[PDB]
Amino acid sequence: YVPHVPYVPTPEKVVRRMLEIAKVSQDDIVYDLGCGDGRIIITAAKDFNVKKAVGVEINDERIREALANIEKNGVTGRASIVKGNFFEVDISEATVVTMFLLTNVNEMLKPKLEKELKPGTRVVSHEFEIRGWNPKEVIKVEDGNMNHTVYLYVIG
C-alpha cells in the first residue's frame, strides 16, 4: 500500500475567493487538478451550485478522504472523483479549472490546458503563476494572519 504522504490543502477562504474570482455559477463544470480532500469541488457544488464538479487525484489516501467528504457535505449528486494522474485525465469538458500545486509543473501543464480546454474556459490558480501566460487577474487574499495570491487566466 501507499504510505502517508503530507499535503497542503487550500484554506477555505481562499477556495471561496478562487471560485468568486472565476465567477463560478450553476452552468459551470469545475475540474480541480490534484483535488486532495475534495474541498474545492465540494465548495463549488455546495456553495456555488455547479452542475458538475470533478476532482482528479492520484493519492488514494486523499481520494478516500474526498469521497467521504462528498457524502458528509451532501453533494454526491454533482461532485465526483477521478483516480489518476491529472496529466493523463481528460479535462476537456471543464468550463473552470482550479489548481493549487507546489511543484514546478508549469512547462508540462501549459500544453495540456491549451490542447484540451475550449476558448473562454477559466483557469484559476492558488499561488501558481503560469509562466508565459498573461493573467486576467492577480488577486491578493488576506486569510487571518496569512496572505495568498490567486491568478485568473482565460483560455484564448
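Quick note: we count residues from 1 along the sequence shown, nothing fancier.
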So which stretch wins on mean C-alpha B-factor, 8 to 16 or 21 to 29? 21 to 29
Would you determine, from the values in the PDB entry, which of 97 to 105 and 117 to 125 has the greater average C-alpha temperature factor? 97 to 105
Top Cα B-factor in this entry, restricted to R39, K52, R131, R64, sits on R131
Per the entry's values, where does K72 land by CA temperature factor relative to the rest of its chain, in the lowest, middle or highest third? highest
